[PDB]
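S.K.: sequence below, structure please.
(2 chains, ligands or ions: 1)
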Amino acid sequence: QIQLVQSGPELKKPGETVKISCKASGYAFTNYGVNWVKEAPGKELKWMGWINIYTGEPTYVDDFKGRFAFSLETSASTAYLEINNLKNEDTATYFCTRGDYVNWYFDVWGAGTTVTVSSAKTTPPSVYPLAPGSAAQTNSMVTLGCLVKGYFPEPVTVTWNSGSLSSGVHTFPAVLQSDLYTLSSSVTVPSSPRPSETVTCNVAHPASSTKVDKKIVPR
Amino acid sequence: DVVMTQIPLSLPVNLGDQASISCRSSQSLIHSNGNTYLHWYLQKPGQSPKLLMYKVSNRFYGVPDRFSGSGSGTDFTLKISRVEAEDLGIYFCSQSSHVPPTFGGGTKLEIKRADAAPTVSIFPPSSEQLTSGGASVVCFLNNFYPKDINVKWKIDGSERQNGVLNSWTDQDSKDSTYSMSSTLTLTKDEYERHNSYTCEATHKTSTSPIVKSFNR
Ligand SMILES: CC(=O)[C@H]1CC[C@H]2[C@@H]3CC[C@H]4C[C@@H](OC(=O)CCC(=O)O)CC[C@]4(C)[C@H]3CC[C@]12C
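M.R.: Numbering: from 1, shown residues only, chains lettered A, B, ... in the order given. What follows is the structure:
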């Protein structure tokens, strides 16, 4: 197949440096530019600059002047983007694309490489249970939920009853509080199951090799 | 920078229909060379963008003739004849005529369903957290459509704006609805200063608010 193959996900503190690898194969490397694209949370897809295989030299869009450096090692077909002195604002996913000299489009995109910048150290989460505080059948249904709070880095995996409960499960996306992650999940079951029968959430944080099981006990 | 502004942000297409995305430029995309370089990408969930069509109206290799393009000078319009599940995801129009190629907007194709109101649940701080001095109140606004919902946290009646944290789930694969949690976290002392904590959900589908409370 013909593609640009990029490096793996980086986790860096501030003031570090990252060198993303964009290795081309299958196509004639010299006759296409390699373009770079920054994707930031919520922010737009922002064209960062370009690299000319022909002549070597590289063109930077103002925003990415100087700290971002476009390298290249042609024999080896790899292209490079390096960020030095990572500010916390560089957390994004970087794409390298094959730029075409005639129709000026970007047709072969790389899989992307995510830089996550943070001064947080690995931390286990705190799995709190959240049982009703006594509400009634809305219409014969109950909803419990766990609150996985305070972790780093992402991700955390949450299962109810070890995979048995899929439907009604709504694991909400991790959000941030002072460098650390806080995330929640909710499961909804018929009034008959709880408390006749046990519901539990299994919270695993591979980053710190911790699995926690908090059994939702009534209130 | 030619700023592309396209809307709507979310297009609740009804699978099978013709859908139209439109996009507009803050400049003419007409080059000295006498051509327009407006291109169209499609990015399916958690993935790389794909070239869909180039120079306003040319289908890139692969794009079935269900996709059609159009426009000139400054307004453009990508059009899908009869939508198909395979082609849902966000859509981006980038132009490569001026420097720089700006990407703007982002129109996501989502599914359309009967309006749903939210199964709003509310939960008080579990012993465990109180014992560590934290206090997290959790309101689960569940299983509803349309996607927008306005949440209010009244603590003793007086609204709170800070200490909040919302998180949504994009359209549920098998029931076309959305869900969101609102997590008002405050210190235990701020907490036991008062009784009464209530969640407020003002949504399309309802006459008056949806309120939920527990009295500490
Ligand atoms: C091979 C490759 O990488 C391709 C992919 C996208 C292409 C670039 C896209 C933007 C246009 C802008 C053009 O406009 C102008 O004539 C200048 C005036 C203006 O911008 O309005 C001049 C060349 C460039 C910069 C292109 C050069 C080659 C590129 C980089």
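S.K.: on the three-state scheme, residue 198 is what?
M.R.: Reading this off chain A. Three-state assignment for residue A:198 (DSSP: H, G, I helix; E, B strand; the rest coil): coil.
S.K.: thought residue B:113 was touching residue B:145?
M.R.: Yes: the criterion here is C-beta atoms under 8 Å, and residue B:113 meets it with residue B:145 at 5.3 Å. Bear in mind the C-beta positions are built from the backbone N, C-alpha and C, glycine included.
S.K.: shared neighbours of these two, anything?
M.R.: Common contacts of residue B:113 and residue B:145 (C-beta atoms under 8 Å, 6 or more residues apart in numbering or on different chains): B:176, B:177.
S.K.: who has more neighbours out of those two?
M.R.: residue B:145 (25 against 14; other C-beta atoms under 10 Å in any protein chain shown).
S.K.: excluding chain neighbours, give the residue nearest to residue B:206 in space.
M.R.: In this structure, residue B:206 finds its nearest non-sequential neighbour in residue B:117, 6.0 Å apart by C-beta to C-beta, 6 or more residues apart in numbering or on different chains.
S.K.: could you look up the SS state of the residue sitting furthest away from the middle of chain B?
M.R.: Here chain B reaches farthest from its C-alpha mean at residue B:33, the gap being 38.1 Å by C-alpha atoms, centre = their mean. Put simply, residue B:33 is coil when judged by three-state DSSP.
S.K.: if I pick it, what's in contact with it?
M.R.: Taking C-beta under 8 Å, 6+ apart as the definition, residue B:33 has no contacts.
S.K.: what does it show for phi and psi?
M.R.: phi -60, psi 0 (degrees, to the nearest 10).
S.K.: for residue B:128, same thing?
M.R.: phi -40, psi -50.
S.K.: now the residue lying closest to it once chain neighbours are set aside: how far from the ligand?
M.R.: Among residues not flanking residue B:128 along the chain, residue A:128 sits closest, at 5.4 Å (C-beta to C-beta, 6+ apart). Residue A:128 sits 51 Å away from the ligand, taking C-beta to the nearest ligand atom, to the nearest Å as the criterion.
S.K.: in what helix or strand does residue A:128 lie?
M.R.: Counting by DSSP states H and E, the element that carries residue A:128 is strand A:126-130.
S.K.: residue B:30: how many residues sit nearby?
M.R.: 16.
S.K.: that one pairs with what?
M.R.: residue B:36 (DSSP bridges).
S.K.: which residues are in contact with it?
M.R.: B:36, B:73, B:97.
S.K.: just the buried ones from these, in ChimeraX syntax?
M.R.: For the buried members of the contacts of residue B:30, the matching ChimeraX selection, counting by 16 or more other C-beta atoms under 10 Å in any protein chain shown, is:
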select /B:36,97
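S.K.: could you report the neighbour count for residue A:159?
M.R.: When neighbours are counted by other C-beta under 10 Å, residue A:159 registers 19.
S.K.: would you check how far apart it and residue A:194 are?
M.R.: 17 Å (C-beta to C-beta, to the nearest Å).
S.K.: how about residue B:164?
M.R.: For residue B:164, the distance to residue A:194 - C-beta to C-beta - is 29 Å.
S.K.: the more surrounded of those two?
M.R.: Taking other C-beta under 10 Å, residue B:164 and residue A:194 do not tie; residue A:194 has more neighbours (18 against 12).
S.K.: in contact with the nearest residue to the more buried one once chain neighbours are set aside, which residues?
M.R.: Ranked by C-beta to C-beta, 6+ apart and with sequence neighbours excluded, the top spatial neighbour of residue A:194 is residue A:142, at 5.4 Å. When contacts are counted by C-beta under 8 Å, 6+ apart, residue A:142 is found next to A:132, A:188, A:189, A:190, A:191, A:193, A:194.
S.K.: who wins on neighbours among those?
M.R.: residue A:188 (21 neighbours).
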